[PDB]
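*Asks:* First portion of the complex, with coordinates as positioned in the assembly:
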Amino acid sequence: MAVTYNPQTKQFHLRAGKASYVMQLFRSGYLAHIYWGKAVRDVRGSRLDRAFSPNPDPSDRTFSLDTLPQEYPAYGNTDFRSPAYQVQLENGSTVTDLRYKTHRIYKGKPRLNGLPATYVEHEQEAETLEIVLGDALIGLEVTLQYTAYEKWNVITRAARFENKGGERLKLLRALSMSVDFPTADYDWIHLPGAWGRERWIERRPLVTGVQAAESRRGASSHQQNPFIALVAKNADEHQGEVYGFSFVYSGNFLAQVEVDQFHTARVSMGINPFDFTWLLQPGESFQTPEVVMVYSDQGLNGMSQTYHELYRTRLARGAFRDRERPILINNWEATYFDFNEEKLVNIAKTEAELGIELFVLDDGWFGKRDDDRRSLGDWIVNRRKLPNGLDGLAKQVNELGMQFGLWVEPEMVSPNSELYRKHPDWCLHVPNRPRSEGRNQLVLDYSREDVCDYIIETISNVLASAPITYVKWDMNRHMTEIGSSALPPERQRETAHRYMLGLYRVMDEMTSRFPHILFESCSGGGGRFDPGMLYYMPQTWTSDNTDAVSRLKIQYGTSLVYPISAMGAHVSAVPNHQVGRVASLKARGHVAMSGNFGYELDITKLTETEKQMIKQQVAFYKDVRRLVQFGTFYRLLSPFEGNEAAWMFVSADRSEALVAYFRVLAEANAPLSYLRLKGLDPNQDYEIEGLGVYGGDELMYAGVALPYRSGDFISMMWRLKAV
């Protein structure tokens, strides 16, 4: 929180939790990066003169922008490294020369225009530094925005551009931050994946050159999550230096590390410059989304725990932010599309009898929507299928003791829909080109006000028509032929970002209009599982893959950044679907109860003993839900490192914990296995259900001797309680 500027040293010192982030003004208004790491009281701000690194000041051959470590570097006036931003002028030049002009420090944390951002509830929680840079010749101002939190090791960064000149300025690249580390002796971690296998942890040594994760899909994507980290060579889950970079944005991104000839590592992150430009007319401004930067010297768990608390309590919003989330059941595979009102209610009684709390109605309740082909965009209740509308169904579900929820997919329109026939120009498209389809549908142009107003109107008409208290908001394709008939040629490349701004406006309006609704975002599973979406909808469908073994990796990687409260995990029926696997009902429960728990099956196909297990799972999860959704989460064993996965949840006072252990392909006649715990009070004794009493110190330093077992999938869960 404690942000200072020392006029003698011209140094900015941002103290965030137990971390320091230090910058310093250098020569004629350059802004240098000095340090970011464990908190220091002070740090004083060599060899900037290097062969083939040229001199911006002919009178001063002591430095180059090619060697000075910076906060917001440009290319073209002596730095040859990857720039944080680039601007093209009317004369075609791309040379810009920002210098420090002034700064201000204030308590609290500002909102970002049109954008999600971490926030504070009290000014005392953080302090913000704004450093105003300017290129006087062209009238370009860039304000670097920094916030340091008191309680957490969190620095947040963004940049705001403003054209204070009399000419057009075209932003070709506008990243949210850039930081030059003094060495490149780190591994990097990022989170690549695909549909059905999101956010695998990938750790790699750095190369001398560039390495990056990005999305060009108009959505943050299944393929790369907008998160990267630099980690010390020897750092692991429990110890060591880790620097995380998390982009609070749900569209295209670039997350990059470039290592230069002097083995310094430039980390940068922001809206993907690929296929992007932004035109600033005189007087216009551009605000980047923010990047949330976390430091820990307590390994990956230390970093994750920071993100979890920050994101759960100061990014997610609304009535359910700090509330236990309902155990839900999705009633899709009960019917695919095949539905009408008579079934649904008895089904709801069966589900209610098992203790399930929320009944969700899936796709095909609307219009002529009856495969992945039709009526998207026409959001009126198909009053054949539900003649009594949503109201009659919902109210009965409520009188059964369950909440009622609904699926929507408002960003899509079917070529065969009334909306498309009335307004074909309302989809993203480019002149004279075929309109490529994903799952037989097109993308609505949310860069347009009329489109957004129409969606707000139409979805509100549905949501206010029944006592709905949960909505799953799905988006099931990525953008092609990106353009808008409502933008001029010179702004066409703003389409993807304006689309996201439009979606953000729409979601902000929808969640405000319906404060009693828990919204869960979805994009073919976890295709937009990012901090930007979390600001609008406090939980997310983690993956369409609900296979127990597959979920071990998906949940483990997702937890690197995202709080368990946001991480949807459901028990589904087997034969599994994406993969093909058979694991016990017990086992799938064990994996799913390690997330935000729910069900995704046909209850009409269950044996009494199965429903009986489900009744027990539900009762069990209710007992540990506060611990799972709000406790401190520790990863113990990594499925990316072998055949085991293990993790645990610990209460704030360390008096209670829940431990989960998994092993795949356990061999015959195998060595005994052990599990060392973390996060307990070493001087406290704990009762482990079914295993007796152990010292916290015994559990952490010697570990639990795991009951010997062998088989295709071992799954164990234990509750711990201080004696």
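*Replies:* That came through fine. Numbers count the residues shown, from 1 in each chain, chains lettered A, B, ... in the order given.

*Asks:* What is the burial count for residue A:56?
*Replies:* 17 (other C-beta atoms under 10 Å). C-beta here means a position set from N, CA and C on the backbone, and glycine is covered the same way.

*Asks:* quick one: it and residue A:78 touch, right?
*Replies:* Yes - counting by C-beta atoms under 8 Å, residue A:56 touches residue A:78, with 4.7 Å between them.

*Asks:* which residues do the two both contact?
*Replies:* Residues touching both residue A:56 and residue A:78 (C-beta atoms under 8 Å, 6 or more residues apart in numbering) are A:64, A:65.

*Asks:* The helix or strand hosting residue A:451 packs against which elements?
*Replies:* For residue A:451, the enclosing helix or strand under DSSP states H and E is helix A:449-463. Packing partners of helix A:449-463 (3 or more C-beta pairs under 8 Å, 6 or more residues apart in numbering; DSSP states H and E): strand A:403-408, helix A:495-513.

*Asks:* can you give me the offset of the longest one from its chain's centre?
*Replies:* Between the mean C-alpha point of helix A:495-513 and the mean C-alpha point of its chain there is a distance of 17 Å (C-alpha atoms, centre = their mean, to the nearest Å).

*Asks:* now the helix or strand following that helix against strand A:403-408, angle please.
*Replies:* Toward the C-terminus, helix A:495-513 is succeeded by strand A:518-522 as the next helix or strand (DSSP H and E). Interaxial angle, strand A:518-522 versus strand A:403-408 (axes from the mean of the first three to the mean of the last three C-alpha atoms, to 10 degrees): 30 degrees.

*Asks:* quick one: buried residues of strand A:518-522?
*Replies:* A:518, A:519, A:520, A:521, A:522 (16 or more other C-beta atoms under 10 Å).

*Asks:* what's in contact with that strand?
*Replies:* A:318, A:320, A:325-326, A:405, A:469-475, A:507, A:510-511, A:528-529, A:533, A:536-541, A:568.

*Asks:* Can you give me the neighbour number for the closest residue to residue A:582 other than its chain neighbours?
*Replies:* Once flanking residues are discounted, residue A:582 sits nearest to residue A:574: 5.3 Å by C-beta to C-beta, 6 or more residues apart in numbering. Applying other C-beta under 10 Å, we find 18 residues neighbouring residue A:574.

*Asks:* here's chain B, drop it onto the model above:
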Amino acid sequence: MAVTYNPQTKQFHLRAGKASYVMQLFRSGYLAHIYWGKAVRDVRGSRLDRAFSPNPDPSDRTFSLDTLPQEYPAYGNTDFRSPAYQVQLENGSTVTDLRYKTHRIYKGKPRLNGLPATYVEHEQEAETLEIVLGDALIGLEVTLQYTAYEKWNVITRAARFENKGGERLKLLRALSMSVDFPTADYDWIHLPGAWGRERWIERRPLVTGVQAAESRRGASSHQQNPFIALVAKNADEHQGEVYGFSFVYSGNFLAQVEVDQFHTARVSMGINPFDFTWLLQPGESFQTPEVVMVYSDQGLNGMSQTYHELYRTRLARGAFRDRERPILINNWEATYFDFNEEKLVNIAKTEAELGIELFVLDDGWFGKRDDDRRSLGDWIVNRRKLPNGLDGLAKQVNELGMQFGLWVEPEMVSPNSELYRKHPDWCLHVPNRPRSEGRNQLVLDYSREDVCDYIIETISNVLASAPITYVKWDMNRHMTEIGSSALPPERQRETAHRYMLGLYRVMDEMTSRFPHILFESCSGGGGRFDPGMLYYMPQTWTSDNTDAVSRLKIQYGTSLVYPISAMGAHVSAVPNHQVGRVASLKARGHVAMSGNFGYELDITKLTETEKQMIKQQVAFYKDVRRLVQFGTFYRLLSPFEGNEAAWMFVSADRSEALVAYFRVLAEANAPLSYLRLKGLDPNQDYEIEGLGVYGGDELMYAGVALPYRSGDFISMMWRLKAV
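*Replies:* Just below you will find chain B, in place on the chains above:
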């Protein structure tokens, strides 16, 4: 084959296949190791003078035995490295000083007294060098025996000790060979395991110090197979230098690499010196078992293919050496012990109808043997259970079209047996100590002639009583309290080796007495799967673990040394037993049909569709059996390196092949996979059943695009035939 001695250079050059092995006489009769690698026409035989490496000849300070690379080094007169042998004299000294005396070269390959050994069928196949060493002071002679094969890159080595003096000599250590490599820039491979998981491949860098695999179990063991290899850092299955060391012995062994201060690698192998001594009275001799040394520069497949051909055709013996082996079914789990004659015959008709060729009768046919507790040693047919004896049962099985086989366990005796009550001193034991049991049984003292004669008599009485044409010879525990009441104190530590010599004599007699019997050795699965046993029984039960996934590793590692003809692999019923796994009947067939194929289940529990699959598996294996059991085997993908396993068999003329592919835990929405083949004619075109026609070159250089699939266990097999 071509073994020469050059009197000018005093160099021995052994040319084996496409390899050279070169030694040279040095100074006053020392024998130096010069080279072992790819064949050279000649190789000429520095810095032997080193600080703290002392001089055996005071008049010659140019060398030390601590630095000279040797063939059969001793400790005590200047070499401080691990010795190949050690002898204690009556005066308590352990210093011995062997020097070269003479040598002889002859065509062919000798038999080894009391021992198995690779052999030749014609003198032209190999040549043998015997180098006679002697310590005149004590009258110790050691003859180093070397054989070089013409056709294969194979050098075999053993040593023969003889006391030509007038005092007692006690051998404390008598390894079969030792070789000093000039560098230690290799990895080593060995084959550790356990019951139910034999012969996992373990590859490790060398340490400066000693690393070794050994057995102290009186049996070669499940825990370490008597095989180690040195491999070039970059060597793999298909290319690179590999040196294999395979011990033709079934008892205790040591296989060791010691790297010294000058980073030379001494590889040695032989009877484990631990708990071993051998007393040589004047005039007595001791022959070590042999070690079979293979070189390849074509990677691990090149080495394995050499061992496979050598061991299948010039180690294994008897009528079935070159014969396709019967598809058998073991009728244990049909009954555990619960049996009598009425069932067995109808069972045999069902099995015969499916095309199965050999009916095997398991444990509990004898005496009072009805759990793992009783009557071992009493080998008379329990004529309650089989009133018509083995003859009536066997003859009916034969008239049904199947051969008849039997299980025996002749090395064990039950405390509750008549043998034990008549001769309790006939077990291995030490005076006044408790007799530890393994599976409620004791080990018979095969170091004793009376014991061995009794076993030969008793087992022969059974085997000649019926038209038996297959015997499984099992041994289900390891030795404790090793001793013999028939040896004096000074020879007690010879018990383990004399036991093995006794077993060898017994097995040699039994297989000669019953030339129409295919004998398969077994020791709780592959607990004595070694070249020593192969010389007596041409196939082996690979592992008690018949789980398909588990067998991928077991079979892959076993194939590193042992021919597929010897590698028993059976389809069993699921729930699997050691592990707990469910894989398709198709899948288990695929893994088992990649070995010497058979069945191990209860046919009375099979569905018609299952028997129908079995009928098809049997027909399929009959079609590819010659290719599997006698074709050239290539490992393609390693289950020790990831989730895939793949291998193939190619006919001698390369016109036919069988390819098998496996993958465990195939993820949803996975990358496409490919398989590149080996061993085909690149200019030939091949039809792959179910995939069309491909060039041999296409198959090997571009590979097969595998049909995309996902699931817990993927299993595929294809027949290839030249168009």
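
*Asks:* returning to what we had before: the helix holding residue A:451: how far from the chain's middle?
*Replies:* Distance, centroid of helix A:449-463 to centroid of chain: 26 Å (C-alpha atoms, centre = their mean).

*Asks:* Regarding the closest residue to residue A:236 other than its chain neighbours, what are the backbone dihedral angles?
*Replies:* Excluding the flanking residues, the one nearest residue A:236 by C-beta to C-beta, 6 or more residues apart in numbering or on different chains is residue A:299, at 5.4 Å. When quoted as degrees, to the nearest 10, the phi and psi of residue A:299 stand at phi 70, psi -170.

*Asks:* just residue A:516 next, same as before
*Replies:* Backbone torsions for residue A:516, taken as degrees, to the nearest 10, come to phi -90, psi 10.

*Asks:* so how many other residues sit close to it?
*Replies:* 13 (other C-beta atoms under 10 Å in any protein chain shown).

*Asks:* Using neighbour counts, pick out the buried residues of stretch A:73-85.
*Replies:* Across stretch A:73-85, burial judged by 16 or more other C-beta atoms under 10 Å in any protein chain shown covers A:73, A:74, A:75, A:78, A:79, A:80, A:81, A:82, A:83, A:84, A:85.

*Asks:* about what we covered before: and the contacts of the helix or strand just after the helix holding residue A:451?
*Replies:* In the C-terminal direction, the helix or strand that comes right after helix A:449-463 (DSSP H and E) is strand A:470-474. With contact meaning C-beta atoms under 8 Å, 6 or more residues apart in numbering or on different chains, strand A:470-474 is reached by A:326, A:328, A:358, A:360, A:403-410, A:463, A:507, A:514, A:517-524, A:537, A:541.

*Asks:* try 6 Å this time
*Replies:* A:358, A:405, A:406, A:407, A:408, A:409, A:517, A:518, A:519, A:520, A:521, A:522 (C-beta atoms under 6 Å, 6 or more residues apart in numbering or on different chains).

*Asks:* Just list whatever residues bridge to the third one.
*Replies:* According to DSSP bridges, the partner residues bridging residue A:406 are residue A:361, residue A:471.
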